[PDB]
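Colleague: Before I ask anything, here is the structure I am working with.
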Amino acid sequence: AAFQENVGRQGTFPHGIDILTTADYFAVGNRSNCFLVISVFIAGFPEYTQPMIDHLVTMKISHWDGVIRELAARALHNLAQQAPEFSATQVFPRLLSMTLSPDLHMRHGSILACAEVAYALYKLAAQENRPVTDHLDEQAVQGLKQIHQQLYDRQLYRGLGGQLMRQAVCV
Amino acid sequence: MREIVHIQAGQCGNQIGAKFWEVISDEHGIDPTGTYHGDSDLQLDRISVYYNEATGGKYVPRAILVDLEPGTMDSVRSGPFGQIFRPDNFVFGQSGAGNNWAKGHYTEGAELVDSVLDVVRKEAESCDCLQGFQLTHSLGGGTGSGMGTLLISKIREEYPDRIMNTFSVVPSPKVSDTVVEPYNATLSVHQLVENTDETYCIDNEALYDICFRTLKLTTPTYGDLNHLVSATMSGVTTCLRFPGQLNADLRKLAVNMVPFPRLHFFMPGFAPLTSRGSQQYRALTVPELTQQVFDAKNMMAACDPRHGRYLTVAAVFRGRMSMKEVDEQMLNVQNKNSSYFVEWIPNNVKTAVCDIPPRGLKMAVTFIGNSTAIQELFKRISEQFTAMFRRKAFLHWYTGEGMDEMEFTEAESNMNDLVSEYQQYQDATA
Amino acid sequence: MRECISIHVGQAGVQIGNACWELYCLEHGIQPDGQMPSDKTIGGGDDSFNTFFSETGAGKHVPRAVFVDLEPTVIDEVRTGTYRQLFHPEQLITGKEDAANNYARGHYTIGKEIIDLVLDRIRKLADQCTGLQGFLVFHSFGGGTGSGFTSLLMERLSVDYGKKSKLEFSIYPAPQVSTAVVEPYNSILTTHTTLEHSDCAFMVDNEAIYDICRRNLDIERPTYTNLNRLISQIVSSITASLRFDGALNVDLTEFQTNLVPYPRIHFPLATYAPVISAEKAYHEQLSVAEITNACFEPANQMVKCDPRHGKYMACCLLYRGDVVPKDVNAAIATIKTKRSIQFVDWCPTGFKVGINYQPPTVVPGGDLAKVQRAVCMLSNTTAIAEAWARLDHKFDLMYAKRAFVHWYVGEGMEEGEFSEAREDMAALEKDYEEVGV
Amino acid sequence: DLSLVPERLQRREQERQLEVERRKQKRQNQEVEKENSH
Ligand SMILES: Nc1nc2c(ncn2[C@@H]2O[C@H](COP(=O)(O)OP(=O)(O)OP(=O)(O)O)[C@@H](O)[C@H]2O)c(=O)[nH]1
Ligand SMILES: Nc1nc2c(ncn2[C@@H]2O[C@H](COP(=O)(O)OP(=O)(O)OP(=O)(O)O)[C@@H](O)[C@H]2O)c(=O)[nH]1
Ligand SMILES: [Mg+2]
Ligand SMILES: [Mg+2]
Numbered sequence: 512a513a514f515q516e517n518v519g520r521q522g523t524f525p526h527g528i529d530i531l532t533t534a535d536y537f538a539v540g541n542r543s544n545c546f547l548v549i550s551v552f553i554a555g556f557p558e559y560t561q562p563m564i565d566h567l568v569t570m571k572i573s574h575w576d577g578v579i580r581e582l583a584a585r586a587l588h589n590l591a592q593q594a595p596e597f598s599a600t601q602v603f604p605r606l607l608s609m610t611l612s613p614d615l616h617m618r619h620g621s622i623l624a625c626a627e628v629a630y631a632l633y634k635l636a637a638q639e640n641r642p643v644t645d646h647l648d649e650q651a652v653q654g655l656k657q658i659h660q661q662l663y664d665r666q667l668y669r670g671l672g673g674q675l676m677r678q679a680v681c682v
Numbered sequence: 001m002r003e004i005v006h007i008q009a010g011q012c013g014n015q016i017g018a019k020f021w022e023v024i025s026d027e028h029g030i031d032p033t034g035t036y037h038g039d040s041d042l043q044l045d046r047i048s049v050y051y052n053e054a055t056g057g058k059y060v061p062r063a064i065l066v067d068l069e070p071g072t073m074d075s076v077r078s079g080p081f082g083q084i085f086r087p088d089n090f091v092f093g094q095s096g097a098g099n100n101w102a103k104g105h106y107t108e109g110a111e112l113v114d115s116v117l118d119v120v121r122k123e124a125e126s127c128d129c130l131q132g133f134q135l136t137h138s139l140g141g142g143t144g145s146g147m148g149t150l151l152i153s154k155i156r157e158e159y160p161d162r163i164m165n166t167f168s169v170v171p172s173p174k175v176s177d178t179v180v181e182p183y184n185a186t187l188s189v190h191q192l193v194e195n196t197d198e199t200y201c202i203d204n205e206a207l208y209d210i211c212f213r214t215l216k217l218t219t220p221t222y223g224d225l226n227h228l229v230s231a232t233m234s235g236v237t238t239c240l241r242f243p244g245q246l247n248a249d250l251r252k253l254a255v256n257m258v259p260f261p262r263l264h265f266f267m268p269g270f271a272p273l274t275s276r277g278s279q280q281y282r283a284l285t286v287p288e289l290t291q292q293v294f295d296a297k298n299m300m301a302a303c304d305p306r307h308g309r310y311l312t313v314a315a316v317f318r319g320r321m322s323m324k325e326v327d328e329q330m331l332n333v334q335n336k337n338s339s340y341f342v343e344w345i346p347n348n349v350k351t352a353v354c355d356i357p358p359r360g361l362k363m364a365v366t367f368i369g370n371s372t373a374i375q376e377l378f379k380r381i382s383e384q385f386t387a388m389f390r391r392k393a394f395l396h397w398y399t400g401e402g403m404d405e406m407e408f409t410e411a412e413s414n415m416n417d418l419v420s421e422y423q424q425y426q427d428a429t430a
Numbered sequence: 001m002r003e004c005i006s007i008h009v010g011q012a013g014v015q016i017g018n019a020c021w022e023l024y025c026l027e028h029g030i031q032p033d034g035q036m037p038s039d040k041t042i043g044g045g046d047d048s049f050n051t052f053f054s055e056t057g058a059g060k061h062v063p064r065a066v067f068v069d070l071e072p073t074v075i076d077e078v079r080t081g082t083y084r085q086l087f088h089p090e091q092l093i094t095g096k097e098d099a100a101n102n103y104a105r106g107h108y109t110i111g112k113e114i115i116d117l118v119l120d121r122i123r124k125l126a127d128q129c130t131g132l133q134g135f136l137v138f139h140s141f142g143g144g145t146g147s148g149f150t151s152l153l154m155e156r157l158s159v160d161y162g163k164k165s166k167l168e169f170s171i172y173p174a175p176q177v178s179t180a181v182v183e184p185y186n187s188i189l190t191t192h193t194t195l196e197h198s199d200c201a202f203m204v205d206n207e208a209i210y211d212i213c214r215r216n217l218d219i220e221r222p223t224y225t226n227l228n229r230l231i232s233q234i235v236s237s238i239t240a241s242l243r244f245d246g247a248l249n250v251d252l253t254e255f256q257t258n259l260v261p262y263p264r265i266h267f268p269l270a271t272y273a274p275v276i277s278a279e280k281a282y283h284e285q286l287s288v289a290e291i292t293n294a295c296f297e298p299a300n301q302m303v304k305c306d307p308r309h310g311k312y313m314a315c316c317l318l319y320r321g322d323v324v325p326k327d328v329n330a331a332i333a334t335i336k337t338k339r340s341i342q343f344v345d346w347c348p349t350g351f352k353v354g355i356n357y358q359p360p361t362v363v364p365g366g367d368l369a370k371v372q373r374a375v376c377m378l379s380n381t382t383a384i385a386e387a388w389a390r391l392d393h394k395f396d397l398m399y400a401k402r403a404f405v406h407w408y409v410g411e412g413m414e415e416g417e418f419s420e421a422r423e424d425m426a427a428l429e430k431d432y433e434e435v436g437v
Numbered sequence: 021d022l023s024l025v026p027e028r029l030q031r032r033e034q035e036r037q038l039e040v041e042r043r044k045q046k047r048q049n050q051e052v053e054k055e056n057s058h
């Protein structure tokens, strides 16, 4: 409602009509649509690609609920095909440093985000008869080959908290 | 643990809540003004379990009237005992929820839960040690179901270790004529099994059949339904309002009547059956009361105890009588009707006696059972739910408010798995 | 000279300790306030009755008890009762939340918050004693608090005072007086926890007391008030050696040496005779041979067992009244020549006779009459194991269906504890059966 | 005295003690320090 008011009374919001016709009182009702469908439509423009992904990576992925974390991971996956360079150069390394944090939920969210980014980059490269290593530089290949090994070095797979790390490593 | 906060959502819940308060006040001698005027010390030995002491030796209730519209909120405040409650304990909106669970659980309810959790923490702050909660709502109405189940979840998320007890009133097509009540009922169950600890099943079809066939009434009204619901509430809580060793607190009652986490639905019963403006001079004996309390006709649910197996049974006899005779009658009933009792939970029938019979009756009897036959109350709901959900009828009301078919699928699955578990436990070691 | 420190926790435990203390002072002549006119030495304490009582420089004879409750209910009765001036405010500990019949909620939740308080009181009281024998703990298997907090206190004492005995007087569950369906689980748990922390524990079958009250005393509905008055008499008769100038079981180690041959087999069988109602007081006086023959009758036994089927390991008797050693010896010889009492092949087969010339005593207005002579026979019989057998019948039928198990899982307690306790009980039953060979 | 009891019971007691000690050791090894309540 605030966005609609700002677009109707000021008309200075970039792509106000588009983000107002797709996101309305009815379409916004669904959370899955807002996190996967409407999200990609709103991020299609260059004025909402960086901040949206930044907020998804520095907040939603580190939520206190597994459902919200999975939703943020799926949103990042869907928004990883509108920004391959930004997802493979500024967000992927950003996640490699957070996968080693002491927090359990943060580690799980970072692992999920890294897996989703890798899957999206592979899907994008498959549509151009090119390998996935082109987008994921040697830096990415190293960290990804160190997620499971480092976790076992800190007996992090033990306990209830270790069960979520085991599931994340399996995924 | 010595103070219990009372809550009531929806019109039926508020009405059922106001009737129970009036009954326990008339039984304790608390006149509408708030001063004690009874004639027994036991009435004051356990008065702090539901009331609060205030200047002038007054007993202020500890309830919280909650609604989304103002009708029921004005009806209770203006009732014969309406002045008893607190003026700042009435929290309601203006539009209602229109028989929609979504509107009452995600919009108006989600907005008024803030103020609701303000009065709730106000009552918990005036409690030396909170013991639990006792909500009174219905599973048919939208506001009564949605926002009330939203208050159970909020309390379970806030207060970590506190017992949760509710008096769910299952609707019935015979009373109401609204089509979206099957959906408003199923979803509620999906919450209770995963939120509430104790829940009493008060089917409306059973009350209608008892009022139309037993009490002889051509047009049973909502005044007759509240006359049977309040008596049941006064009978099932007689142990918490007076001295006792069996179930003095809510934790003990839960531990004794909840053999499994998901299985905690107790069908209540009370005898002798009476109606408004009727005085039975004949005083039934103890054997007659024990035989009538176990009869399916005196059950508040539409389930026959004979077509099932008992798990936990608790009987209470209110009236001047002998304990040896009651014990002998209970032993005889357990021996004769032994096939209707699981043999894998030894000593699963408790009996208690009280020296404070209800008003207008010299001899009363109560029955809180945990038989697997209660599953029948859900199977009926299942048929309606499935029949209405397969063709997609009136579904836009839910999907258009944030909900989706996934929730209905989840609730249907949870309810269906609760029926299978009941059937399995009923045939344990067959 | 040595002095003991008694402890009473729970509703059943404190209610029995109150009657025991009332009966103890009733016999010692100690007035309700605490003044003892019979005591001529002020400030000094070195008599037989000083084992359970201390003395202030005013005269007051304070008990050596520790009344701990997790809820303000039973403690208030004794605090505003008749012997509230007998105990001190510090010795009357009180909590808030109740365990609500749950060993886990009392051992890993609401009991780990007040254990330190009870331990600081058990250290301050012991500091005022030159010599300590052990600890007489009173609890009940039915109450979850008596199974959790009592076990925790026993475990902590085993580490603190690792060289002191710990005699016990547990209370066994009965359906005619019970209010919980989970009393077998907590009972088995506390039994498995205390099997490795006690030396001699006497059981009290509530069914036996109910039958004795309904038959002998002729009571229609025996209540907890009448049961406490009948169990207190036996508790006093058992501890009469630790409070009078006798010659048998004068110390706590004597109990373990004369009634506990196998460390794990420490559940003797107690009996008391006679038990005549107040109406039939001045009617007939039974001789020693009359109260010694009835002791063997299952009707008077404290546990519903059949000692005739099994054998005995140790036996002793404590008299109270004008009893002659020659008459007791003649009665024992007659019973041995008549009854076919069998003993274990590797155990000594003799009766430890100990007469007390003090006459019995009963509380005024009580259902028990002032008999001229009474006797308390303590014999370790294998038949008592049967009392545990039926208990296991209540643990396999329920535990098989996983009934009432979530209450312990959600309270921090693990699930393997039940299996460990069941294995321990099975091993104890196997040992009992092997001893019968 | 313990000498009065035959060795048949002493051996069983020692076996049970060893078994419970091994079980406690296994439970302690399986436990996690970052998840205890005490
Ligand atoms: N026994 C009984 N049932 C009632 C009563 N009032 C309503 N009901 C039943 O409750 C259901 C309707 O719910 P309401 O209580 O009207 O709903 P609400 O909580 O007011 O919710 P909204 O109507 O959506 O604002 C139907 O099944 C009615 O038959 C009452 O006083 N007694
Ligand atoms: N003989 C006897 N038995 C008692 C007495 N009080 C309770 N019991 C029995 O003890 C069992 C329950 O123990 P309680 O003492 O009530 O429980 P508690 O130890 O206070 O435990 P929580 O309230 O659960 O914390 C039941 O079998 C009762 O019948 C009593 O005074 N005497
Ligand atoms: Mg309404
Ligand atoms: Mg208690």
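Chains as they are written, first to last, in UniProt numbering: chain A, 512 to 682; chain B, 1 to 430; chain C, 1 to 437; chain D, 21 to 58. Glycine residues also receive a C-beta, built at the ideal position from the N, C-alpha and C atoms.
Across which residues does DSSP place B/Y51 in a beta bridge pair?
Modeller: DSSP, once it has assigned bridges, lists B/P61 as partnering B/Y51.
Colleague: Kindly indicate which three-state DSSP category B/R318 falls into: helix, strand or coil?
Modeller: Three-state DSSP puts B/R318 in a strand.
Colleague: Apply the 10 Å Cβ neighbour rule to A/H566 and answer buried if 16 or more other Cβ atoms are within range, or exposed otherwise.
Modeller: It counts as exposed.
Colleague: I need the straight-line Cα distance from C/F418 to C/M398, nearest angstrom please.
Modeller: Their Cα atoms are separated by approximately 12 Å.
Colleague: Return the first residue and the last residue of the alpha helix (DSSP H) that B/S145 is part of.
Modeller: Per DSSP, B/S145 belongs to the alpha helix (DSSP H) from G142 to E158.
Colleague: C/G143: beta carbon under 7 Å from a heavy atom of ligand 4?
Modeller: Checking the Cβ of C/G143 against ligand 4 gives yes.
Colleague: Going along chain A, which residues have a C-beta under 8 Å from B/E401?
Modeller: Per Cβ cutoff of 8 Å: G540.
Colleague: Report yes or no: is there a C-beta of chain D within less than 8 Å of the C-beta of A/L606?
Modeller: Not an interface residue.
Colleague: Would you mind stating whether C/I238 and C/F296 have Cβ atoms separated by less than 8 Å?
Modeller: No, Cβ-Cβ distance for C/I238 and C/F296 is not below 8 Å.
Colleague: Less than 8 Å between the beta carbons of C/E411 and C/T41, yes or no?
Modeller: No, Cβ-Cβ distance for C/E411 and C/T41 is not below 8 Å.
Colleague: Beta-carbon separation of C/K166 and C/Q133 under 8 Å?
Modeller: Cβ distance not < 8 Å, so C/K166 and C/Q133 don't count as in contact.
Colleague: As a quick exercise: from B/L187, B/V60 and B/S413, pick the residue whose alpha carbon is nearest that of B/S25.
Modeller: The shortest Cα separation from B/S25 among B/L187, B/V60 and B/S413 belongs to B/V60.
Colleague: Put C/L242 into one of helix, strand or coil per three-state DSSP.
Modeller: Coil, per DSSP.
Colleague: Relative to ligand 4, is the shortest distance from any of its heavy atoms to the C-beta of C/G10 smaller than 7 Å?
Modeller: Yes, the beta carbon of C/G10 sits closer than 7 Å to at least one heavy atom of ligand 4.
Colleague: Taking C-beta to C-beta, are C/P307 and C/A383 nearer than 8 Å?
Modeller: The answer is yes: Cβ separation under 8 Å.
Colleague: Using 8 Å for Cβ pairs, my map puts D/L29 next to C/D431. What's the rounded Cβ distance?
Modeller: The pair is a contact, with the Cβ atoms about 6 Å apart (cut-off 8 Å).
Colleague: Can you pull out the residues from the stretch 176 to 193 of chain C whose beta carbon lies closer than 7 Å to at least one beta carbon of chain B?
Modeller: Within the stretch 176 to 193 of chain C, the residues whose Cβ lies closer than 7 Å to some Cβ of chain B are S178, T179, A180, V181 and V182, listed in chain order.
Colleague: From the DSSP output, read off the bridge partner residues of B/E3.
Modeller: According to DSSP, which records beta bridges pairwise, B/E3 is partnered with B/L130.
Colleague: So which residues on chain D does A/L671 lean against when the C-beta distance must stay under 9 Å?
Modeller: Result: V52 and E55.
Colleague: Using the Cα positions of C/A247 and C/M425, report the straight-line distance between them to the nearest angstrom.
Modeller: C/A247 and C/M425: Cα-Cα distance of roughly 36 Å.
Colleague: Say yes only if the C-beta of B/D355 is nearer than 7 Å to one or more non-hydrogen atoms of ligand 2, and no if none qualify.
Modeller: Checking the Cβ of B/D355 against ligand 2 gives no.
Colleague: For B/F408 and C/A180, I'd like the C-alpha separation in whole angstroms.
Modeller: Cα-Cα distance, rounded: 39 Å.
Colleague: Establish whether the CB of B/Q245 and some CB of chain C are separated by less than 8 Å.
Modeller: True, the Cβ-Cβ gap to chain C drops below 8 Å.
Colleague: Let me know if B/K252 comes out buried or exposed under the rule of 16 or more other beta-carbons within 10 Å of its beta-carbon.
Modeller: Counting Cβ neighbours within 10 Å, B/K252 comes out buried, since at least 16 surround it.
Colleague: According to DSSP, simplified to helix, strand and coil, what is C/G144?
Modeller: Helix.
Colleague: At which residues does the alpha helix (DSSP H) containing B/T232 begin and terminate?
Modeller: From DSSP, the alpha helix (DSSP H) with B/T232 extends over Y222 to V236.
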